């Protein structure tokens, strides 16, 4: 009842917090990162540069929160998923960290809902089934233990990722 699968563009979803699958520079990129920067407008990049002055780059697994610009969200949490290098560089733990640290920022800032993209499964090349398992398990445990966020949306950009998530949530 608190976890939903949505098919579409994360930049259109009205939620308190949209999560960005960023890179450590925080200055944007070509996937959902680029889509979020484009939808938010230049204010987002300017906010990310301030964050760089405060705390430098965002290392793999870390998360930072900023304003959301023209997005229909109150804030954007930027996190950096691992690059898949075949499983022996601790990618599973780092992906879990990205989800957990993002959820912690949502809760610490008293936000009630959050939307996640499929972190690391695009250009970072994380096997989709394993990544979704990690997202679902991590989120599930967290909301079992915490009242915030109240609602979590797994935003899937294609039918097949939506199906993996829907199948995982019913197990």
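Numbering follows the first chain given and starts at 1.
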property	result
Selected stretch [higher average CA B-factor]: 142 to 150 or 26 to 34	142 to 150
Stretch exceeding the other in mean C-alpha B-factor - 17 to 25, 156 to 164	156 to 164
CA B-factor placement of residue 79, once the chain's modelled residues are sorted into thirds	lowest
Residue 131 - which third its CA temperature factor falls in, relative to the rest of the chain	middle
For residue 93, the third of its chain into which the C-alpha B factor falls	middle
